[PDB]
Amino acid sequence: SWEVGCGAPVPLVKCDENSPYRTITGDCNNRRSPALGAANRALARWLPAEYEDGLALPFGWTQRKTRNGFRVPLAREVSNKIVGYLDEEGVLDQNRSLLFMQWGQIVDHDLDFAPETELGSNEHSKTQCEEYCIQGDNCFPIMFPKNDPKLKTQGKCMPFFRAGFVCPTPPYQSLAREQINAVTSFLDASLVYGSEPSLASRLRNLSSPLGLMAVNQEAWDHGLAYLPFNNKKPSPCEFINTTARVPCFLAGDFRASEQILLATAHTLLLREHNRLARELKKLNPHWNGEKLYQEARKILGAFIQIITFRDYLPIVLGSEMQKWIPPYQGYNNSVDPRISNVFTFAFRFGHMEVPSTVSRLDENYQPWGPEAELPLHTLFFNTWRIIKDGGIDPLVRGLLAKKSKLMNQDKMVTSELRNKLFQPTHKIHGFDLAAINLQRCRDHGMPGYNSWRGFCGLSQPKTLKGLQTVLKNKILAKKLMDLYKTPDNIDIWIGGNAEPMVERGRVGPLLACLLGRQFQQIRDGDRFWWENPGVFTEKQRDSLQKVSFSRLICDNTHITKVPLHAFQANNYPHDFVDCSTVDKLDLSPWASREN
């Protein structure tokens, strides 16, 4: 087993070891090594980090140091020549609904977080980085290339701050830099409940004994709950419209209000928890507050694992699925459940799946109002469109009836994200998610594209010709070589995403390998995997299998018509059946009798 040797993060856990419930922090999953998988620990290294100075400085930090003999190209330049595109027509995925993209972001946030080095609300360098673009300490700005139109209109660079690492916050440490994962590595709904003791508590309704999550008191959605608002007044959600003055939502994960659809999904899960608590109180009038909380919780966690492994991964991994994820043989305590550093870049393939617009549909799945179709960028940190413009039902119908954006090698990331991204700490719509992804790739000391190809037993092109055959694209290969001068230097994020998709999947060979391995490990190394004998009863498990996102919509919204397979593309009304024709969740196996 493993756990630590330099650790400092959450204090003071002891453990029970007879407890049938996961801890909040992730500790004590593995009995041999209690900290394996816990939040606030280093992300795992499947390969040694690769920094300019070999310890902490990212490639591209020092102007005349090379990576294997060549200058690494500016992040924003790669964004401009390879990732961008203008024409949104013919870009949609004919067989993946908007929910496909959205579930990905959910699983993701449940698995990893690498927050920025924070270092003060007192600091002036938060504007020495912003206002002047001076590289230094944890300001590692994204410079604009010449001829970039943002030069003429936004300044000389885009703010950026290196991610946090273990040990500190301020200075530095001995050995090599390791970024922190602020959330638990186990699929366990930590995005609903929180990853800290702290926060998990603030989220609960501890005045009633019903094991419920606190809800909004200021507003309701046709009698259905909304997530509570957040405290911190320099609120970004208030900024995007100081007239509506509606603050961001407060959830188990801090990014829950990043974009209106992620908040919508968070809301659906909060509602499911409260609903499972009320019905559980019905079956067992004697269970106390803690017991109701933990049980509903345990439930929701299994639900997220079931939709993820049964409905989601097969249509991501395609025919590579069984090659990486075998059928389940049981808990294996030898497996390292930790999320690796590289996974957090591989799982970013989802950014190439976000379309440029979001729609609100009415009860008939017809355009909801005048302005029903909105540009994605006006929805970053937008909570007022939910509270002051229809509830979540409009938005949920769009999730089912619209499609995701299909990855394409000539159209990669939509301009709504590539030029108009809104960062919570700054004031403009005008950031580039693609460039940021690239800069972070380097901030985290990632090995290049060929190290990972090697790692996955895949060929390593060393020439233009070789790269063309792997990418099956002459022109993209030319653009990559002109910017990188050697495939060894291709940042893993762009390289992994530039590969053609595997059969029946939505990612290429490299990514399928990286994703497949990680997912096999968090299942196999999770003592509380829903299928691990003893976690649930066979009766509960039998009951556990009829879950479906569609059902979920039926019990928690006022939508009455849903598709049966929500992840594939579905046309209204042909594919939409009546909610009462959908398998329900039979709770009877949770009934406990004293004798």
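Don't overthink the numbering: it's just position in the shown sequence, from 1. For the two forms, the rigid core is made up of the largest set of C-alpha atoms that agree within 1.5 Å on superposition.
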* With the rigid core as the fit anchor, does 322-330 or 164-172 show bigger C-alpha shifts in 9 other deposited structures of this protein? -> 164-172
* Stretch with larger C-alpha RMS deviation in 9 other deposited structures of this protein, core superposed, 87-95 versus 227-235 -> 227-235
* To do: Compare the mean C-alpha B-factor of 221-229 with that of 441-449 as given in the PDB entry, and name the stretch with the higher value.
  => 221-229
* Please work out which of 500-508 and 124-132 has the higher mean CA B-factor as recorded in the PDB entry. => 124-132
* Structure fact -> Per the deposited B-factor column, the C-alpha that peaks among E50, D555, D27, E538 belongs to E538
* To do: Could you check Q102, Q520, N205, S195 and tell me which one carries the biggest Cα B-factor in the deposited entry?
  => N205
* Asked: What third of its chain's C-alpha B-factors does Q294 belong to: lowest, middle or highest?
  -> middle
* Asked: Taking the C-alpha B-factors as the PDB entry records them, is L544 in the lowest, middle or highest third of its chain?
  -> highest
* Structure fact -> Among the modelled residues of its chain, the C-alpha B-factor of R278 falls in the third labelled highest
* Chain-relative CA temperature factor third for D389 -> highest
* Structure fact -> Chain thirds by Cα B factor, record data; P533 belongs to the highest
